[PDB]
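Next up, protein-v4.pdb (PDB, C-alpha atoms):
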```pdb
MODEL        1
ATOM      1  CA  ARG A  17      30.841   4.852   7.614  1.00  0.00           C
ATOM      2  CA  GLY A  18      27.247   4.400   8.732  1.00  0.00           C
ATOM      3  CA  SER A  19      24.917   5.622  11.453  1.00  0.00           C
ATOM      4  CA  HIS A  20      21.123   6.072  11.350  1.00  0.00           C
ATOM      5  CA  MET A  21      19.634   4.560   8.193  1.00  0.00           C
ATOM      6  CA  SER A  22      16.420   3.904  10.165  1.00  0.00           C
ATOM      7  CA  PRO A  23      12.953   5.224   9.273  1.00  0.00           C
ATOM      8  CA  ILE A  24      12.538   6.592  12.821  1.00  0.00           C
ATOM      9  CA  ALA A  25      13.294  10.154  11.714  1.00  0.00           C
ATOM     10  CA  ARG A  26      10.931  10.103   8.731  1.00  0.00           C
ATOM     11  CA  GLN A  27       8.248   8.326  10.768  1.00  0.00           C
ATOM     12  CA  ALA A  28       8.474  11.077  13.392  1.00  0.00           C
ATOM     13  CA  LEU A  29       8.223  13.762  10.703  1.00  0.00           C
ATOM     14  CA  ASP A  30       5.174  12.047   9.185  1.00  0.00           C
ATOM     15  CA  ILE A  31       3.308  11.599  12.474  1.00  0.00           C
ATOM     16  CA  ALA A  32       4.005  15.257  13.284  1.00  0.00           C
ATOM     17  CA  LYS A  33       2.433  16.440  10.025  1.00  0.00           C
ATOM     18  CA  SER A  34      -0.489  14.055  10.550  1.00  0.00           C
ATOM     19  CA  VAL A  35      -1.139  15.483  14.023  1.00  0.00           C
ATOM     20  CA  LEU A  36      -0.837  19.056  12.728  1.00  0.00           C
ATOM     21  CA  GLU A  37      -3.431  18.393  10.023  1.00  0.00           C
ATOM     22  CA  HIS A  38      -5.684  16.441  12.396  1.00  0.00           C
ATOM     23  CA  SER A  39      -5.494  19.083  15.140  1.00  0.00           C
ATOM     24  CA  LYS A  40      -7.270  21.606  12.899  1.00  0.00           C
ATOM     25  CA  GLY A  41     -10.470  19.556  12.924  1.00  0.00           C
ATOM     26  CA  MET A  42     -10.373  19.112  16.697  1.00  0.00           C
ATOM     27  CA  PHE A  43      -9.627  22.799  17.268  1.00  0.00           C
ATOM     28  CA  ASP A  44     -12.727  23.695  15.248  1.00  0.00           C
ATOM     29  CA  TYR A  45     -14.831  21.309  17.346  1.00  0.00           C
ATOM     30  CA  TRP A  46     -13.741  22.639  20.741  1.00  0.00           C
ATOM     31  CA  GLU A  47     -13.732  26.298  19.703  1.00  0.00           C
ATOM     32  CA  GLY A  48     -17.354  25.823  18.664  1.00  0.00           C
ATOM     33  CA  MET A  49     -18.085  24.226  22.030  1.00  0.00           C
ATOM     34  CA  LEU A  50     -16.238  27.074  23.762  1.00  0.00           C
ATOM     35  CA  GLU A  51     -18.484  29.569  21.965  1.00  0.00           C
ATOM     36  CA  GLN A  52     -21.580  27.888  23.414  1.00  0.00           C
ATOM     37  CA  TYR A  53     -20.165  27.841  26.949  1.00  0.00           C
ATOM     38  CA  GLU A  54     -19.051  31.486  26.775  1.00  0.00           C
ATOM     39  CA  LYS A  55     -22.634  32.435  25.839  1.00  0.00           C
ATOM     40  CA  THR A  56     -24.854  30.047  27.839  1.00  0.00           C
ATOM     41  CA  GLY A  57     -22.840  27.707  30.066  1.00  0.00           C
ATOM     42  CA  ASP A  58     -20.875  28.255  33.240  1.00  0.00           C
ATOM     43  CA  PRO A  59     -18.091  30.867  32.985  1.00  0.00           C
ATOM     44  CA  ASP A  60     -15.639  28.947  35.181  1.00  0.00           C
ATOM     45  CA  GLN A  61     -16.196  25.859  33.022  1.00  0.00           C
ATOM     46  CA  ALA A  62     -15.487  27.826  29.838  1.00  0.00           C
ATOM     47  CA  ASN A  63     -12.353  29.338  31.389  1.00  0.00           C
ATOM     48  CA  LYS A  64     -10.832  25.888  31.919  1.00  0.00           C
ATOM     49  CA  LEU A  65     -11.588  24.983  28.299  1.00  0.00           C
ATOM     50  CA  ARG A  66     -10.192  28.307  27.066  1.00  0.00           C
ATOM     51  CA  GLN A  67      -6.931  27.942  29.001  1.00  0.00           C
ATOM     52  CA  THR A  68      -6.667  24.304  27.903  1.00  0.00           C
ATOM     53  CA  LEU A  69      -7.041  25.334  24.258  1.00  0.00           C
ATOM     54  CA  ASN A  70      -4.438  28.070  24.780  1.00  0.00           C
ATOM     55  CA  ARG A  71      -1.922  25.522  26.072  1.00  0.00           C
ATOM     56  CA  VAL A  72      -2.533  23.351  23.003  1.00  0.00           C
ATOM     57  CA  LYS A  73      -1.940  26.362  20.749  1.00  0.00           C
ATOM     58  CA  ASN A  74       1.515  26.720  22.300  1.00  0.00           C
ATOM     59  CA  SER A  75       2.167  22.999  21.820  1.00  0.00           C
ATOM     60  CA  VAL A  76       1.084  23.294  18.184  1.00  0.00           C
ATOM     61  CA  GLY A  77       3.464  26.214  17.681  1.00  0.00           C
ATOM     62  CA  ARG A  78       6.363  24.350  19.280  1.00  0.00           C
ATOM     63  CA  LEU A  79       5.559  21.351  17.070  1.00  0.00           C
ATOM     64  CA  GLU A  80       5.612  23.231  13.759  1.00  0.00           C
ATOM     65  CA  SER A  81       8.756  25.151  14.739  1.00  0.00           C
ATOM     66  CA  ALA A  82      10.640  21.929  15.501  1.00  0.00           C
ATOM     67  CA  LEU A  83       9.237  20.535  12.243  1.00  0.00           C
ATOM     68  CA  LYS A  84      10.933  23.320  10.278  1.00  0.00           C
ATOM     69  CA  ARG A  85      14.206  23.050  12.209  1.00  0.00           C
ATOM     70  CA  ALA A  86      14.217  19.303  11.521  1.00  0.00           C
ATOM     71  CA  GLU A  87      13.371  19.762   7.836  1.00  0.00           C
ATOM     72  CA  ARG A  88      16.035  22.460   7.458  1.00  0.00           C
ATOM     73  CA  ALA A  89      18.736  20.393   9.169  1.00  0.00           C
ATOM     74  CA  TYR A  90      17.931  17.575   6.722  1.00  0.00           C
ATOM     75  CA  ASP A  91      18.028  19.793   3.626  1.00  0.00           C
ATOM     76  CA  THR A  92      21.423  21.200   4.633  1.00  0.00           C
ATOM     77  CA  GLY A  93      22.699  17.670   5.241  1.00  0.00           C
ATOM     78  CA  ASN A  94      23.243  17.564   9.033  1.00  0.00           C
ATOM     79  CA  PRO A  95      21.199  14.668  10.471  1.00  0.00           C
ATOM     80  CA  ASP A  96      22.908  15.047  13.861  1.00  0.00           C
ATOM     81  CA  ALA A  97      21.603  18.601  14.320  1.00  0.00           C
ATOM     82  CA  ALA A  98      17.946  17.573  13.916  1.00  0.00           C
ATOM     83  CA  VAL A  99      18.100  14.777  16.514  1.00  0.00           C
ATOM     84  CA  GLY A 100      17.251  17.266  19.254  1.00  0.00           C
ATOM     85  CA  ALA A 101      14.371  18.628  17.182  1.00  0.00           C
ATOM     86  CA  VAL A 102      13.024  15.123  16.536  1.00  0.00           C
ATOM     87  CA  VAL A 103      13.052  14.479  20.290  1.00  0.00           C
ATOM     88  CA  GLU A 104      11.130  17.726  20.764  1.00  0.00           C
ATOM     89  CA  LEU A 105       8.953  16.762  17.783  1.00  0.00           C
ATOM     90  CA  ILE A 106       7.577  13.662  19.521  1.00  0.00           C
ATOM     91  CA  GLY A 107       7.327  15.650  22.757  1.00  0.00           C
ATOM     92  CA  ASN A 108       4.834  18.142  21.356  1.00  0.00           C
ATOM     93  CA  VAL A 109       3.079  15.363  19.430  1.00  0.00           C
ATOM     94  CA  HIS A 110       2.521  13.645  22.777  1.00  0.00           C
ATOM     95  CA  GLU A 111       1.266  16.815  24.483  1.00  0.00           C
ATOM     96  CA  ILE A 112      -1.273  17.451  21.716  1.00  0.00           C
ATOM     97  CA  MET A 113      -2.508  13.855  21.529  1.00  0.00           C
ATOM     98  CA  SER A 114      -2.704  13.592  25.322  1.00  0.00           C
ATOM     99  CA  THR A 115      -4.712  16.800  25.777  1.00  0.00           C
ATOM    100  CA  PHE A 116      -7.382  16.130  23.148  1.00  0.00           C
ATOM    101  CA  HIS A 117      -7.668  12.606  24.564  1.00  0.00           C
ATOM    102  CA  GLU A 118      -8.622  14.092  27.936  1.00  0.00           C
ATOM    103  CA  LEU A 119     -11.155  16.435  26.327  1.00  0.00           C
ATOM    104  CA  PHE A 120     -12.861  13.515  24.565  1.00  0.00           C
TER     105      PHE A 120
ATOM    106  CA  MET B  21      -0.713   8.791   4.706  1.00  0.00           C
ATOM    107  CA  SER B  22      -1.428   6.097   7.346  1.00  0.00           C
ATOM    108  CA  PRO B  23      -3.776   6.386  10.352  1.00  0.00           C
ATOM    109  CA  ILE B  24      -2.145   8.116  13.313  1.00  0.00           C
ATOM    110  CA  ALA B  25      -2.804   5.112  15.554  1.00  0.00           C
ATOM    111  CA  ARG B  26      -1.028   2.892  13.022  1.00  0.00           C
ATOM    112  CA  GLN B  27       1.850   5.362  12.669  1.00  0.00           C
ATOM    113  CA  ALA B  28       2.377   5.387  16.444  1.00  0.00           C
ATOM    114  CA  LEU B  29       2.500   1.583  16.473  1.00  0.00           C
ATOM    115  CA  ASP B  30       5.040   1.641  13.635  1.00  0.00           C
ATOM    116  CA  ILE B  31       7.364   4.220  15.195  1.00  0.00           C
ATOM    117  CA  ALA B  32       7.255   2.274  18.470  1.00  0.00           C
ATOM    118  CA  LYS B  33       8.288  -0.997  16.808  1.00  0.00           C
ATOM    119  CA  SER B  34      11.282   0.612  15.093  1.00  0.00           C
ATOM    120  CA  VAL B  35      12.368   2.529  18.202  1.00  0.00           C
ATOM    121  CA  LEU B  36      12.027  -0.683  20.212  1.00  0.00           C
ATOM    122  CA  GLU B  37      14.295  -2.510  17.751  1.00  0.00           C
ATOM    123  CA  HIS B  38      17.029   0.139  17.699  1.00  0.00           C
ATOM    124  CA  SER B  39      16.959   0.757  21.456  1.00  0.00           C
ATOM    125  CA  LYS B  40      17.055  -2.980  22.180  1.00  0.00           C
ATOM    126  CA  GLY B  41      19.971  -3.559  19.820  1.00  0.00           C
ATOM    127  CA  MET B  42      21.725  -0.513  21.263  1.00  0.00           C
ATOM    128  CA  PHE B  43      21.369  -1.970  24.761  1.00  0.00           C
ATOM    129  CA  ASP B  44      22.579  -5.399  23.627  1.00  0.00           C
ATOM    130  CA  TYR B  45      25.605  -3.627  22.136  1.00  0.00           C
ATOM    131  CA  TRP B  46      26.403  -1.686  25.314  1.00  0.00           C
ATOM    132  CA  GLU B  47      25.863  -4.700  27.571  1.00  0.00           C
ATOM    133  CA  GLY B  48      28.047  -6.970  25.434  1.00  0.00           C
ATOM    134  CA  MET B  49      30.940  -4.512  25.820  1.00  0.00           C
ATOM    135  CA  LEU B  50      30.642  -3.181  29.383  1.00  0.00           C
ATOM    136  CA  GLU B  51      29.290  -6.333  31.073  1.00  0.00           C
ATOM    137  CA  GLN B  61      24.250   0.272  45.640  1.00  0.00           C
ATOM    138  CA  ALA B  62      26.440  -0.495  42.619  1.00  0.00           C
ATOM    139  CA  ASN B  63      28.517   1.336  40.023  1.00  0.00           C
ATOM    140  CA  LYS B  64      26.945   4.234  38.139  1.00  0.00           C
ATOM    141  CA  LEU B  65      27.419   2.351  34.859  1.00  0.00           C
ATOM    142  CA  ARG B  66      25.231  -0.505  36.113  1.00  0.00           C
ATOM    143  CA  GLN B  67      22.568   1.974  37.260  1.00  0.00           C
ATOM    144  CA  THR B  68      22.430   3.687  33.867  1.00  0.00           C
ATOM    145  CA  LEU B  69      22.307   0.302  32.118  1.00  0.00           C
ATOM    146  CA  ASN B  70      19.302  -1.148  33.945  1.00  0.00           C
ATOM    147  CA  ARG B  71      17.650   2.279  33.729  1.00  0.00           C
ATOM    148  CA  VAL B  72      17.850   1.949  29.943  1.00  0.00           C
ATOM    149  CA  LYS B  73      16.777  -1.695  30.208  1.00  0.00           C
ATOM    150  CA  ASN B  74      13.669  -0.721  32.179  1.00  0.00           C
ATOM    151  CA  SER B  75      12.879   2.063  29.701  1.00  0.00           C
ATOM    152  CA  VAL B  76      12.934  -0.553  26.937  1.00  0.00           C
ATOM    153  CA  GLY B  77      10.681  -2.755  29.062  1.00  0.00           C
ATOM    154  CA  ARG B  78       8.093  -0.019  29.586  1.00  0.00           C
ATOM    155  CA  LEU B  79       8.066   0.672  25.838  1.00  0.00           C
ATOM    156  CA  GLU B  80       7.663  -3.012  24.973  1.00  0.00           C
ATOM    157  CA  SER B  81       4.857  -3.529  27.493  1.00  0.00           C
ATOM    158  CA  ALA B  82       3.129  -0.392  26.204  1.00  0.00           C
ATOM    159  CA  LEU B  83       3.424  -1.694  22.637  1.00  0.00           C
ATOM    160  CA  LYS B  84       1.883  -5.042  23.593  1.00  0.00           C
ATOM    161  CA  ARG B  85      -0.864  -3.400  25.655  1.00  0.00           C
ATOM    162  CA  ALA B  86      -1.606  -1.159  22.667  1.00  0.00           C
ATOM    163  CA  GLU B  87      -1.757  -4.212  20.401  1.00  0.00           C
ATOM    164  CA  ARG B  88      -4.170  -5.898  22.824  1.00  0.00           C
ATOM    165  CA  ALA B  89      -6.505  -2.891  22.941  1.00  0.00           C
ATOM    166  CA  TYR B  90      -6.364  -2.753  19.141  1.00  0.00           C
ATOM    167  CA  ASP B  91      -7.492  -6.410  19.028  1.00  0.00           C
ATOM    168  CA  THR B  92     -10.240  -6.265  21.672  1.00  0.00           C
ATOM    169  CA  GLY B  93     -11.970  -3.577  19.595  1.00  0.00           C
ATOM    170  CA  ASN B  94     -12.380  -0.921  22.295  1.00  0.00           C
ATOM    171  CA  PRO B  95     -11.703   2.425  20.560  1.00  0.00           C
ATOM    172  CA  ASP B  96     -11.190   4.331  23.818  1.00  0.00           C
ATOM    173  CA  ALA B  97      -8.701   1.805  25.203  1.00  0.00           C
ATOM    174  CA  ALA B  98      -6.926   1.682  21.833  1.00  0.00           C
ATOM    175  CA  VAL B  99      -6.460   5.457  21.650  1.00  0.00           C
ATOM    176  CA  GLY B 100      -5.630   5.658  25.355  1.00  0.00           C
ATOM    177  CA  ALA B 101      -2.891   3.069  24.871  1.00  0.00           C
ATOM    178  CA  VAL B 102      -1.536   4.757  21.737  1.00  0.00           C
ATOM    179  CA  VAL B 103      -1.319   8.056  23.631  1.00  0.00           C
ATOM    180  CA  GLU B 104       0.552   6.206  26.379  1.00  0.00           C
ATOM    181  CA  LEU B 105       2.715   4.584  23.689  1.00  0.00           C
ATOM    182  CA  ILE B 106       3.847   7.888  22.149  1.00  0.00           C
ATOM    183  CA  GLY B 107       4.719   8.997  25.674  1.00  0.00           C
ATOM    184  CA  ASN B 108       7.108   6.072  26.096  1.00  0.00           C
ATOM    185  CA  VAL B 109       8.549   6.695  22.625  1.00  0.00           C
ATOM    186  CA  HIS B 110       9.258  10.295  23.633  1.00  0.00           C
ATOM    187  CA  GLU B 111      10.587   9.209  27.032  1.00  0.00           C
ATOM    188  CA  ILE B 112      13.019   6.682  25.570  1.00  0.00           C
ATOM    189  CA  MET B 113      14.055   9.047  22.759  1.00  0.00           C
ATOM    190  CA  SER B 114      14.890  11.638  25.429  1.00  0.00           C
ATOM    191  CA  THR B 115      17.086   9.347  27.542  1.00  0.00           C
ATOM    192  CA  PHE B 116      19.107   8.265  24.498  1.00  0.00           C
ATOM    193  CA  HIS B 117      19.503  11.855  23.280  1.00  0.00           C
ATOM    194  CA  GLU B 118      20.764  12.629  26.792  1.00  0.00           C
ATOM    195  CA  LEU B 119      23.451   9.929  26.715  1.00  0.00           C
ATOM    196  CA  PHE B 120      24.575  10.813  23.171  1.00  0.00           C
TER     197      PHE B 120
ENDMDL
END
```
Take the structure in the file and give it back as structure tokens.
Amino acid sequence: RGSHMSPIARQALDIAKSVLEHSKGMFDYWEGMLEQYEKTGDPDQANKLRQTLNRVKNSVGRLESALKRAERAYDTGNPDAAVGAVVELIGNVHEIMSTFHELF
Amino acid sequence: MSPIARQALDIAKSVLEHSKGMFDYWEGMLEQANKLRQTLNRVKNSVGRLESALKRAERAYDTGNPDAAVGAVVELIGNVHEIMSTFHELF
């Protein structure tokens, strides 16, 4: 009559919200740098940064969607249904952290 | 409410505990070769890569290098996601 009483699920939900809040500041930094490149710098250089930022925007969207599906499955009372979302939760957290790490 | 680098070290310690106890449970019951042996050592190596990544991340956090610390934490979250995907596959 027991299963997962571990903090792994809540830790994953917390690090996903922390990355979502922290990604806003890094998006503002690189969108401001993209504005300078799209006005003065090389166009092919700015294209790589633009496409890279677009791919992060998709990863951010997949992160916040899995965050809602995991929060909903915990409010309804089905911890087994959110296990797949938590696996996807860390997946998009990794993609976001790994991309901004390459930019810096 | 904790730094993201600290939160990644925390979630890796807990995942390493559960995945290591889960493997000790499976090995105490069930133990080229058989496909069960292949899946077992595959999980054992996934736990090894997570543990080595956690200790490498703790080293970089001690040496003081902020680039190596973040680069190891990013590698750490990757192993956490990798090992959370292999267990979700088996379950």
Which residues of chain B are close to chain A, meaning at most 10 Å apart when you count all atoms listed in the file, and how do they look as number ranges by chain?
B: 21-28, 30-35, 38, 96, 99-100, 102-118
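Counting from CA of residue 56 in chain A, the distance to CA of residue 73 in chain A is 24.3 Å.
Between CA of residue 64 in chain A and CA of residue 49 in chain A there is a distance of 12.4 Å.
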Using all atoms listed in the file, which residues sit within 10 Å of residue 43 in chain B once same-chain residues fewer than 5 positions away are excluded, as a PyMOL selection string?
chain B and resi 37-38+48-49+69-70+72-73+76
So what does the PyMOL selection byres ((chain A and resi 62) around 12) actually pick up in this one, as a PDB file with C-alpha atoms, keeping the file's coordinate frame?
```pdb
ATOM      1  CA  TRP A  46     -13.741  22.639  20.741  1.00  0.00           C
ATOM      2  CA  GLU A  47     -13.732  26.298  19.703  1.00  0.00           C
ATOM      3  CA  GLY A  48     -17.354  25.823  18.664  1.00  0.00           C
ATOM      4  CA  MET A  49     -18.085  24.226  22.030  1.00  0.00           C
ATOM      5  CA  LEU A  50     -16.238  27.074  23.762  1.00  0.00           C
ATOM      6  CA  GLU A  51     -18.484  29.569  21.965  1.00  0.00           C
ATOM      7  CA  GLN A  52     -21.580  27.888  23.414  1.00  0.00           C
ATOM      8  CA  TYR A  53     -20.165  27.841  26.949  1.00  0.00           C
ATOM      9  CA  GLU A  54     -19.051  31.486  26.775  1.00  0.00           C
ATOM     10  CA  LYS A  55     -22.634  32.435  25.839  1.00  0.00           C
ATOM     11  CA  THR A  56     -24.854  30.047  27.839  1.00  0.00           C
ATOM     12  CA  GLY A  57     -22.840  27.707  30.066  1.00  0.00           C
ATOM     13  CA  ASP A  58     -20.875  28.255  33.240  1.00  0.00           C
ATOM     14  CA  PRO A  59     -18.091  30.867  32.985  1.00  0.00           C
ATOM     15  CA  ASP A  60     -15.639  28.947  35.181  1.00  0.00           C
ATOM     16  CA  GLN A  61     -16.196  25.859  33.022  1.00  0.00           C
ATOM     17  CA  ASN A  63     -12.353  29.338  31.389  1.00  0.00           C
ATOM     18  CA  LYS A  64     -10.832  25.888  31.919  1.00  0.00           C
ATOM     19  CA  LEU A  65     -11.588  24.983  28.299  1.00  0.00           C
ATOM     20  CA  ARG A  66     -10.192  28.307  27.066  1.00  0.00           C
ATOM     21  CA  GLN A  67      -6.931  27.942  29.001  1.00  0.00           C
ATOM     22  CA  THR A  68      -6.667  24.304  27.903  1.00  0.00           C
ATOM     23  CA  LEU A  69      -7.041  25.334  24.258  1.00  0.00           C
TER      24      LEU A  69
END
```
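CA of residue 74 in chain A is positioned 29.4 Å from CA of residue 36 in chain B.
In this comparison, which uses all atoms listed in the file, the residue of A:94, A:19, A:81, A:70 approaching residue 43 in chain A most closely is A:70.
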Please, what is the axis-aligned box for every listed atom of range 59-66 of chain A with 6 Å on each side, as centre and edge lengths in Å to one decimal, as lines of an AutoDock Vina configuration file?
```
center_x = -14.1
center_y = 27.9
center_z = 31.1
size_x = 19.9
size_y = 17.9
size_z = 20.1
```
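The nearest approach to residue 77 in chain A among the residues A:17, A:42, A:36, A:29, with all atoms listed in the file taken into account, belongs to A:36.
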Atoms added to range 30-61 of chain A (N, CA and C atoms), reported as a PDB file, keeping the file's coordinate frame:
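The file below, part11.pdb, is the result:
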```pdb
ATOM      1  N   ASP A  30       6.487  12.313   9.765  1.00  0.00           N
ATOM      2  CA  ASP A  30       5.174  12.047   9.185  1.00  0.00           C
ATOM      3  C   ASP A  30       4.076  12.121  10.240  1.00  0.00           C
ATOM      4  N   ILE A  31       4.320  11.559  11.427  1.00  0.00           N
ATOM      5  CA  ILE A  31       3.308  11.599  12.474  1.00  0.00           C
ATOM      6  C   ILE A  31       3.145  13.005  13.032  1.00  0.00           C
ATOM      7  N   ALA A  32       4.148  13.869  12.863  1.00  0.00           N
ATOM      8  CA  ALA A  32       4.005  15.257  13.284  1.00  0.00           C
ATOM      9  C   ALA A  32       3.135  16.042  12.311  1.00  0.00           C
ATOM     10  N   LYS A  33       3.295  15.794  11.009  1.00  0.00           N
ATOM     11  CA  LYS A  33       2.433  16.440  10.025  1.00  0.00           C
ATOM     12  C   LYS A  33       1.006  15.918  10.120  1.00  0.00           C
ATOM     13  N   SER A  34       0.847  14.626  10.419  1.00  0.00           N
ATOM     14  CA  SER A  34      -0.489  14.055  10.550  1.00  0.00           C
ATOM     15  C   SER A  34      -1.224  14.640  11.749  1.00  0.00           C
ATOM     16  N   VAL A  35      -0.510  14.879  12.852  1.00  0.00           N
ATOM     17  CA  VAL A  35      -1.139  15.483  14.023  1.00  0.00           C
ATOM     18  C   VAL A  35      -1.464  16.949  13.759  1.00  0.00           C
ATOM     19  N   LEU A  36      -0.574  17.657  13.058  1.00  0.00           N
ATOM     20  CA  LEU A  36      -0.837  19.056  12.728  1.00  0.00           C
ATOM     21  C   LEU A  36      -2.088  19.198  11.872  1.00  0.00           C
ATOM     22  N   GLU A  37      -2.247  18.329  10.872  1.00  0.00           N
ATOM     23  CA  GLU A  37      -3.431  18.393  10.023  1.00  0.00           C
ATOM     24  C   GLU A  37      -4.675  17.954  10.784  1.00  0.00           C
ATOM     25  N   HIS A  38      -4.540  16.945  11.647  1.00  0.00           N
ATOM     26  CA  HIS A  38      -5.684  16.441  12.396  1.00  0.00           C
ATOM     27  C   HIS A  38      -6.095  17.380  13.522  1.00  0.00           C
ATOM     28  N   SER A  39      -5.159  18.173  14.050  1.00  0.00           N
ATOM     29  CA  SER A  39      -5.494  19.083  15.140  1.00  0.00           C
ATOM     30  C   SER A  39      -6.406  20.213  14.688  1.00  0.00           C
ATOM     31  N   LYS A  40      -6.398  20.546  13.394  1.00  0.00           N
ATOM     32  CA  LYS A  40      -7.270  21.606  12.899  1.00  0.00           C
ATOM     33  C   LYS A  40      -8.737  21.236  13.069  1.00  0.00           C
ATOM     34  N   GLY A  41      -9.093  19.986  12.765  1.00  0.00           N
ATOM     35  CA  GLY A  41     -10.470  19.556  12.924  1.00  0.00           C
ATOM     36  C   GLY A  41     -10.920  19.514  14.369  1.00  0.00           C
ATOM     37  N   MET A  42     -10.019  19.151  15.283  1.00  0.00           N
ATOM     38  CA  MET A  42     -10.373  19.112  16.697  1.00  0.00           C
ATOM     39  C   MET A  42     -10.367  20.499  17.325  1.00  0.00           C
ATOM     40  N   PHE A  43      -9.560  21.420  16.798  1.00  0.00           N
ATOM     41  CA  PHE A  43      -9.627  22.799  17.268  1.00  0.00           C
ATOM     42  C   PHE A  43     -10.950  23.444  16.878  1.00  0.00           C
ATOM     43  N   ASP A  44     -11.443  23.150  15.672  1.00  0.00           N
ATOM     44  CA  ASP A  44     -12.727  23.695  15.248  1.00  0.00           C
ATOM     45  C   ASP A  44     -13.874  23.144  16.083  1.00  0.00           C
ATOM     46  N   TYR A  45     -13.769  21.892  16.533  1.00  0.00           N
ATOM     47  CA  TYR A  45     -14.831  21.309  17.346  1.00  0.00           C
ATOM     48  C   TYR A  45     -14.899  21.971  18.717  1.00  0.00           C
ATOM     49  N   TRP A  46     -13.752  22.127  19.377  1.00  0.00           N
ATOM     50  CA  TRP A  46     -13.741  22.639  20.741  1.00  0.00           C
ATOM     51  C   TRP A  46     -13.824  24.157  20.810  1.00  0.00           C
ATOM     52  N   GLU A  47     -13.464  24.865  19.737  1.00  0.00           N
ATOM     53  CA  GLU A  47     -13.732  26.298  19.703  1.00  0.00           C
ATOM     54  C   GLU A  47     -15.217  26.573  19.508  1.00  0.00           C
ATOM     55  N   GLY A  48     -15.911  25.708  18.765  1.00  0.00           N
ATOM     56  CA  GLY A  48     -17.354  25.823  18.664  1.00  0.00           C
ATOM     57  C   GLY A  48     -18.061  25.485  19.960  1.00  0.00           C
ATOM     58  N   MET A  49     -17.532  24.518  20.713  1.00  0.00           N
ATOM     59  CA  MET A  49     -18.085  24.226  22.030  1.00  0.00           C
ATOM     60  C   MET A  49     -17.757  25.330  23.026  1.00  0.00           C
ATOM     61  N   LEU A  50     -16.585  25.957  22.890  1.00  0.00           N
ATOM     62  CA  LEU A  50     -16.238  27.074  23.762  1.00  0.00           C
ATOM     63  C   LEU A  50     -17.138  28.275  23.512  1.00  0.00           C
ATOM     64  N   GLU A  51     -17.582  28.464  22.267  1.00  0.00           N
ATOM     65  CA  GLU A  51     -18.484  29.569  21.965  1.00  0.00           C
ATOM     66  C   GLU A  51     -19.826  29.387  22.663  1.00  0.00           C
ATOM     67  N   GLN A  52     -20.309  28.146  22.746  1.00  0.00           N
ATOM     68  CA  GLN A  52     -21.580  27.888  23.414  1.00  0.00           C
ATOM     69  C   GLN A  52     -21.465  28.092  24.919  1.00  0.00           C
ATOM     70  N   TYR A  53     -20.332  27.703  25.506  1.00  0.00           N
ATOM     71  CA  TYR A  53     -20.165  27.841  26.949  1.00  0.00           C
ATOM     72  C   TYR A  53     -19.970  29.299  27.345  1.00  0.00           C
ATOM     73  N   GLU A  54     -19.264  30.069  26.517  1.00  0.00           N
ATOM     74  CA  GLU A  54     -19.051  31.486  26.775  1.00  0.00           C
ATOM     75  C   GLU A  54     -20.283  32.335  26.485  1.00  0.00           C
ATOM     76  N   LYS A  55     -21.381  31.727  26.045  1.00  0.00           N
ATOM     77  CA  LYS A  55     -22.634  32.435  25.839  1.00  0.00           C
ATOM     78  C   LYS A  55     -23.780  31.912  26.690  1.00  0.00           C
ATOM     79  N   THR A  56     -23.771  30.635  27.056  1.00  0.00           N
ATOM     80  CA  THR A  56     -24.854  30.047  27.839  1.00  0.00           C
ATOM     81  C   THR A  56     -24.368  29.323  29.085  1.00  0.00           C
ATOM     82  N   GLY A  57     -23.277  28.568  28.989  1.00  0.00           N
ATOM     83  CA  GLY A  57     -22.840  27.707  30.066  1.00  0.00           C
ATOM     84  C   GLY A  57     -22.178  28.460  31.206  1.00  0.00           C
ATOM     85  N   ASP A  58     -21.534  27.687  32.074  1.00  0.00           N
ATOM     86  CA  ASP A  58     -20.875  28.255  33.240  1.00  0.00           C
ATOM     87  C   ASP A  58     -19.592  28.970  32.824  1.00  0.00           C
ATOM     88  N   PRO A  59     -19.321  30.156  33.378  1.00  0.00           N
ATOM     89  CA  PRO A  59     -18.091  30.867  32.985  1.00  0.00           C
ATOM     90  C   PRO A  59     -16.823  30.185  33.464  1.00  0.00           C
ATOM     91  N   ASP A  60     -16.824  29.639  34.683  1.00  0.00           N
ATOM     92  CA  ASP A  60     -15.639  28.947  35.181  1.00  0.00           C
ATOM     93  C   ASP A  60     -15.360  27.673  34.393  1.00  0.00           C
ATOM     94  N   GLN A  61     -16.406  27.013  33.890  1.00  0.00           N
ATOM     95  CA  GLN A  61     -16.196  25.859  33.022  1.00  0.00           C
ATOM     96  C   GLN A  61     -15.555  26.275  31.705  1.00  0.00           C
TER      97      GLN A  61
END
```
